Amino acid sequence: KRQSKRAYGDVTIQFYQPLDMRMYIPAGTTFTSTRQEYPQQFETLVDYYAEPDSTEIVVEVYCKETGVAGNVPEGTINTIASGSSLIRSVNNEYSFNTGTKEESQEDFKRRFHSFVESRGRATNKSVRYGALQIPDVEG
Amino acid sequence: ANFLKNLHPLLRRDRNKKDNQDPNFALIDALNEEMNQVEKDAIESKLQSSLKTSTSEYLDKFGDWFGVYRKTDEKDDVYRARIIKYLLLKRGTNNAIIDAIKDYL
Amino acid sequence: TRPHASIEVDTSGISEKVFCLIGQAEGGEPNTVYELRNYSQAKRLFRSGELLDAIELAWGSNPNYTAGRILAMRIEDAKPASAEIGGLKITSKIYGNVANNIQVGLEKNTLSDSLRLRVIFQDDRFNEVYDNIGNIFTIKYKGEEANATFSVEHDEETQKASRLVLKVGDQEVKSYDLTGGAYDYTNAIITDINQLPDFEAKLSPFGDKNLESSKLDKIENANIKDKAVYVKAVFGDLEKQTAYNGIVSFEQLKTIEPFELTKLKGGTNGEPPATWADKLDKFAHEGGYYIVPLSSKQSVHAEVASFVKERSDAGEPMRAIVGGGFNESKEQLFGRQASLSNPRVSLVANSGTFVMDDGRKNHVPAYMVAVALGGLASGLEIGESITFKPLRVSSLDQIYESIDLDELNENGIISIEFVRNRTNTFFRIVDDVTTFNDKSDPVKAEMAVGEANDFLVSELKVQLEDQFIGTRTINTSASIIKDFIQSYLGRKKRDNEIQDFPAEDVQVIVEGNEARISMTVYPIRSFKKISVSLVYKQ
Amino acid sequence: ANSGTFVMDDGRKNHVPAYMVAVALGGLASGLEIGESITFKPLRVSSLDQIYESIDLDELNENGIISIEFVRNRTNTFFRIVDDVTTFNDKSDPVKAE
Amino acid sequence: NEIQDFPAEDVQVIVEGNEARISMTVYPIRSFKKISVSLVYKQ
Amino acid sequence: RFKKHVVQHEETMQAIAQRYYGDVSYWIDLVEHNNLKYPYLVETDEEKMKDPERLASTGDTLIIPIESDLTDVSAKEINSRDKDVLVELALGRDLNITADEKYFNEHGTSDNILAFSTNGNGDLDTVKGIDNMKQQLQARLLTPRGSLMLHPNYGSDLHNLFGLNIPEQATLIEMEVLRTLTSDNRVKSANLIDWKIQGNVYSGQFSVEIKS
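Residues numbered from 1 in each chain as written, not as in the entry; some residues may be left out. Chains lettered and ligands numbered in written order. Part of a larger assembly, values for the part shown. Heavy atoms only, no water.

S.K.: Even after reading the chapter, I still don't get the overall build of chain C, so can you show me in this structure?
M.R.: Looking only at helices and strands, chain C has twelve helices and 29 strands in total. Scaling as 2.2 N^0.38, a compact globule of 538 residues should have a C-alpha radius of gyration of about 24 Å, whereas chain C reaches 34 Å, well beyond that. Each of the three principal axes of chain C carries a C-alpha extent, and together these read 130 × 65 × 50 Å. With an accessible surface of roughly 28700 Å², chain C has 47% of that area assigned to carbon and sulfur atoms. One finds the centroid of the 62 positive side-chain charges in chain C at a distance of 3 Å from the centroid of its 80 negative side-chain charges. (Helix = DSSP H or I, 4+ residues; strand = E, 2+ residues; numbered from the N terminus. Rg over C-alpha atoms; globule rule 2.2 N^0.38 Å. Areas by Shrake-Rupley, 256 points an atom, 1.4 Å probe, with all protein chains shown as cover. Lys, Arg positive; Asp, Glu negative; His and termini not counted. Charge placed at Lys NZ, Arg CZ, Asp CG, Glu CD.)

S.K.: When you look at the interface of chain E and chain F in this model, what are you seeing that I'm missing?
M.R.: When the parts of a complex come together, some accessible area is lost, and that lost area is often taken as the interface size. Taken together, the contact pairs 16 residues of chain E with 26 residues of chain F. Of the roughly 2200 Å² buried between chain E and chain F, counting both surfaces, carbon and sulfur atoms make up 65%. Our count for the chain E to chain F interface comes out at zero salt bridges. In this structure, the connection of chain E to chain F is made through eleven residue pairs in polar contact. Residue composition of the side of chain E that touches chain F, by class: seven nonpolar, five polar and four charged. As defined by bridge partners, strand 3 (residues 34-41) of chain E adjoins strand 8 (residues 201-210) of chain F across eight bridges and the pair is classed as parallel. Within the sheet, the bridge partner assigned to E:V37 lies in strand 8 of chain F and is F:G204. (Contact = heavy atoms within 4.5 Å. Buried area = accessible area lost by both parts, 1.4 Å probe. Salt bridge = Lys/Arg side-chain N within 4 Å of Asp/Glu carboxyl O. Polar contact = N/O pair within 3.5 Å; in protein donor to acceptor, adjacent residues only side chain to side chain. Nonpolar A, V, L, I, M, F, W, Y, C, P; charged D, E, K, R; others polar. Pairing = 2+ DSSP bridges.)

S.K.: What is the right way to read the sheet that holds strand 3 (residues 30-32) of chain A from this model?
M.R.: Through backbone hydrogen bonds, the strands of a sheet pair up, either in parallel or in antiparallel fashion. All names here are of chain A. Reading across from one edge, 3-4-6-1-7 is the order of the five strands in this open sheet, with antiparallel pairing throughout. The outermost strands of the open sheet, each flanked by one partner alone, are strand 3 and strand 7 (87-91). With strand direction ignored, the average angle separating the axes of adjacent strands in the sheet is 40°. (Axes fitted to C-alpha atoms, helices over the stretch in contact; angles between N-to-C directions.)

S.K.: What is the right way to look at the packing of aromatic side chains in this model?
M.R.: How two aromatic rings sit relative to each other is given by the distance of their centres and the angle of their planes. On inspection of all chains with the given rule, the structure shows 17 aromatic pairs over all chains. Measuring from ring centre to ring centre gives 5.8 Å for C:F418 and C:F426, while their planes differ by 40°; the resulting arrangement is tilted. Each member of the pair, C:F418 together with C:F426, is buried. Aromatic side chains D:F70 and D:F79 sit 5.3 Å apart centroid to centroid with 40° between the ring planes, which places their arrangement in the tilted category. Classification of D:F79 by relative accessible area gives buried; the value is 7%. Clustering of aromatic rings is evident, with ring pairs tying together C:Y289, C:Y290 and C:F455. Positioned above the aromatic ring of C:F501, the side-chain terminus of C:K493 is 5.8 Å from the ring centre. (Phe/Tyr/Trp six-rings, centres within 6.5 Å; stacked < 30°, edge-to-face > 60°. Buried < 20%, exposed > 50% of the residue type's maximum accessible area, 1.4 Å probe, protein only. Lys NZ or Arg CZ within 6 Å of the ring centre and 35° of its normal.)

S.K.: Would you mind showing me how to read the packing of helix 2 (residues 50-58) of chain C against helix 8 (residues 366-379) of chain C here?
M.R.: Residues and elements named next belong to chain C. Orientation of helix 2 relative to helix 8, taken along the N-to-C sense of each, is 30°, at an axis distance of 9 Å. Classified by chirality, the crossing of helix 8 by helix 2 is right-handed. For the pair helix 2 and helix 8, the contacting residues are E50, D53, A54, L57 and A58 in the first and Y367, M368, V371, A372 and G375 in the second. (Left-handed = near helix turned anticlockwise from the far one by under 90°.)

S.K.: What am I meant to see in the interface of chain C and chain E here?
M.R.: Across the boundary between the two partners, chain C contributes nine residues, which contact eight residues of chain E. Contact between chain C and chain E buries roughly 810 Å² in total, counting both sides, with carbon and sulfur atoms accounting for 49%. Together, C:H4, C:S6 and C:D10 form the three largest contributors to the area buried by chain C at its contact with chain E, with a combined 45%. The interface formed by chain C and chain E includes zero salt bridges. Counting across the chain C and chain E interface gives seven residue pairs in polar contact.

S.K.: Where do I start with a negative patch on the surface in this structure?
M.R.: Residues and elements named next belong to chain C. A grouping of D278, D281, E310 and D313 is seen on the molecular surface, where their side chains present a negatively charged patch. With respect to the element layout, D313 can be found in the loop between helix 6 (298-312) and strand 19 (319-322). Its relative accessible area of 62% is what places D313 among the exposed residues. (Patch = residues over 30% accessible without salt bridge, like charges linked within 9 Å, V, L, I, M, F, W, Y side chains within 5 Å.)

S.K.: Whenever I open this one, unusual backbone geometry confuses me. Can you help?
M.R.: Excluding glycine, residues mostly have negative phi values, and the peptide bonds linking residues are mostly trans. Residues and elements named next belong to chain F. Here the phi dihedral of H151 falls at roughly 40°; this positive angle occurs in a residue that is not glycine. With respect to the element layout, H151 can be found in the loop between helix 8 (130-141) and helix 9 (167-182). Phi is positive for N153, close to 60°, though the residue is something other than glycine. For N153, the position within the fold is in the loop between helix 8 and helix 9. Note on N153: relative accessible area 62%, which makes it exposed.

S.K.: Help me understand the pattern of salt bridges in this model?
M.R.: Working definition: two side chains of opposite charge can pair if their charged atoms are close together. All chains considered together, the criterion is met by 65 salt bridges over all chains. Between E:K33 and D:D84 there is a salt bridge, and its shortest N-O distance comes to 2.5 Å. Placement of E:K33 in the loop between strand 2 (20-23) and strand 3 and of D:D84 in the loop between strand 5 (79-81) and helix 3 (94-97) is noted, with the two residues assigned to different chains. Here the two residues E:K33 and D:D84 agree in accessibility, since each one is buried. By sharing partners, the salt bridges in this structure join C:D431, C:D432, C:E446, C:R525 and C:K528 into a single network.

S.K.: Would you take a moment to explain the sheet that holds strand 12 (residues 160-168) of chain C for this structure?
M.R.: Residue and element names in this part refer to chain C. Taken in spatial order, the three strands of this open sheet run 11-12-13, and their pairing is antiparallel. What marks the edges here is a single partner per strand, and that holds for strand 11 (148-155) and strand 13 (171-176). The mean angle between the axes of side-by-side strands here comes to 25°, regardless of whether they run parallel or antiparallel. Relative to strand 12, strand 11 runs antiparallel, the two being bridged by eight bridges.

S.K.: Would you mind going over the nonpolar core with me for this structure?
M.R.: If you look at soluble globular proteins, the nonpolar side chains tend to sit buried side by side. With 48 residues, the main nonpolar core has C:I55 and C:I386 as its most contacted residues. Those elements that provide at least two residues to this core are strand 2 (19-23), strand 3 (34-36), helix 1 (39-45), helix 2, strand 4 (70-74), strand 18 (290-293) and helix 8 of chain C. It is helix 8 of chain C that contributes the most residues to this core, nine residues altogether. Residues B:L10, F:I130, F:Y202 and F:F206 belong to the second largest nonpolar core, which totals 35 residues. (Core = buried A, V, L, I, M, F, W, Y, C linked by side-chain atoms within 4.5 Å.)

S.K.: Please explain the pairing of strand 13 of chain C as it appears in this structure.
M.R.: Along any regular strand, the residues point their side chains to alternate faces of the sheet. All names here are of chain C. Where strand 12 lies against strand 13, five bridges are found, and the strand directions are antiparallel. Bridge pairing in strand 13 places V165 opposite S175. Hairpin connection of strand 12 to strand 13: two residues between the antiparallel strands, including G169 at a positive phi of 65°.

S.K.: Just checking my understanding: could you explain the arrangement of the chains for this structure?
M.R.: Contact analysis covers ten pairs of chains in contact, and the most contacts occur between chains E and F. Looking at chain B next to chain C, you find no contact at all, with the nearest C-alpha pair sitting 10 Å apart. Between chain A and chain E there is no contact, and the shortest C-alpha to C-alpha separation is 22 Å.

Below, the structure written as structure tokens:
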């Protein structure tokens, strides 16, 4: 079952030099698309605290827009609204696969019906369906 | 009918000389071309709307109306004249019946 | 100007007591104080960080009360990013590491023989391409003779167009002294070339150019009869097209040539300093009343304490609000109160969260809560107290129970109580008490009393300076000073800033070239205890 | 600059040179009360034999030459005159300039 | 209404019997030509 | 229509319905509008991280219908999923024609001034929300009263009000602008806050009360 969960994925940030302070990353921070053609935007649900000396940190970011429209190809998220001097660039190695769209109860019930009906055997209609299951079978 | 007249005054009505690519004008020009081409078809339909100049499908419609069926490989110029002659057929008199032999020779 | 209507729709919005902030941010020229009137401007001149977190919060902290004009300053020794190539040194207008991302290159178009200038700065998506740099105006020839040429001359001791010359065959036909005189503007050269029947000249179409003719470049001996030759004046176009029109400037060291796209270097925010003292002083004469330092180090709080003492003793009153750290407990606060016991400082304890209008939440240090509170203290009309007002803080790191609102408050430390009064936003401030250890004197103890004290003192100072110490004569008794002072306090009673004054109390003595007064005034205050007694009948 | 056409009261659709548009303009300017301007007033001209349009109506006016502008509707004749600038070079002083 | 307004206490006169000299300021009246009307709200 | 609100520290969902609609009883229908799972309001964000879209926590926005649309099932369904897209839909969507913002403010009350533009990729630009409302007010002000080919008595006589800059002309201009701005029913009122003169230049500003 699908419940319109907004798209999310791991994102990594890089800095010029190793840090010398526990930098703050507020919840609600916006990671704007670097590509002009992509109006998609993402927000950070929970605060993160950079380590004292770690040169790189990975955080989880959720999209603002639900549905399949929230999916983005790899190498698109490379800008941060709350920029800083220490921050160099942002990148997402893995693509956003968790984009989800919710259908109606009928669409949920129809696949179940089709699966139950498909389990029938030793009948004309079931033989016909099982022949039509393999490709290059028509009429 | 003049799509560049007759419209919202602020939509710019001739292209920007300031830079190369002007989608606004491209859209207006496409639409104006489409509806000018429509206007030209609707003016061109004057000749199709009269038996004296109807051609292709419309002349076949006229000939079906009058009952005179198009002969195979018949051009419009002779088909119109045939229709006009057949509408003014001259038959019933012995001389007229003899003179009708020209169409049977 | 062309006659037209024009209409702008303004995002420039999204009281008297001026309010001061100092902190870190990746923008702005250092040491100078700025004046800010709405953050849609401030956001252009700073970038982000604590100072702009504070400002966007300082004006939002209560729905009906907010600070007026804000004064701000960057506590950094920043330097800009720069590069050198060709005869040009490049300097960025913004000071900070952010400038290092800006890129500039010069490319060239062989067809028009003009230079393509491009700026890239992805972080604003700012990207601009200036072309047709070079080719200021054309010279052209129309006579029948053999050959026609021209030349610009540069005198070395000025590095400026000393002469412009036209020739026919092998003899000069005209001259122009372009250092200084009639031809200082290219408009005169264009007209006075066209006047000659044998010659012609035409100006480039890419809007205005019309440079001062002193900044032409040295071109010599090109055949006019063969070519409609351009005069280039490259550095004139750089000024004309990138004076007021860019994020990055140029300065001329000497020939110019194209170069690849390059990243600027040297831009540095600068490490924090040891002290704030000889930079904190700079707010003095801009007239602010409330000041807050955006840090937690106890050294900084001792310099602010000394600063406020230094100005207030001068007749230049000021008051500071301070807030240390996150999550700090009671014993640390008492240690910090004792260590910082002077009046005109008000330590604010709590830490919590705030939400800027872009949707962004925050985990908030106590000096930010002091600023949010300072926004109320400044925005309220003179003399009225912050006490029991709602503070609009979204959530708090609440440890500070009812008993602590006796112990914290009686030791002179401000706090916010969690309060379940549902009729408005929940949190409210308990009291307006100062850091000073002694309860007795309200002028020291209560911020809403010290404020009205300072303004009354200062105004009565100015009036006595006006009327008397401008020294028209000694022949104006003590008795007339008694009359003037009672006149004056009659306006303070009439206009509702003092409750009353027993006019009979005013006692005046004069000692030649000096006089002295004693008086009594009943101050206006907020209520702070309401006691009801409720009694029964029949 | 412009040369217009006027419906002359004989029924005579007269195409008319520029020095005669100057009459039509000067006549209007002369009749109004002192201190009013031809600025943004309409003229009863029928049509124009013209090059100049909105960007040219920066260029010409900025250099001190008057011209008539086409406004597509409701303003009485579709035509109003952009400015009252004079031929003097320096526009900074309003007494000389306008 | 032939002038917009004038300051009365900014007039200077000088005289030598053979010639008088005058100085005066006037604030002129002329047609509007730029109208800049701005819009704000409270969202 | 609706009112905006935010979750406060340890505020219960009962408390909101009671404060705005009077009766506490209405909270039950009010949770369906904000599409909330049982922990309808919960203090902690690391608890919102359980399943973020189906909850609200401290600092999050909420939607508050007017009482007439409280009982409508269609309003419930729409407010459940659209969330922030409410404001855009409620202010409506339109093609963006402020392509040259620097330019149209150099030749107002002249025609041919606005033009389509492109944002994103391969699609005409569009405007929504408050920007749309501004753009529409802007276009309405810069259009003469009888120049659109249908539904005339639209626009302004701003092209007609050029005069001797004496104050009566300035009050007249103020009144025309206010009429023009108050024509749209979506806007509540306008009022002037400043008018100012610079020789032959008018300047002034107007505050407009847009419905929530």
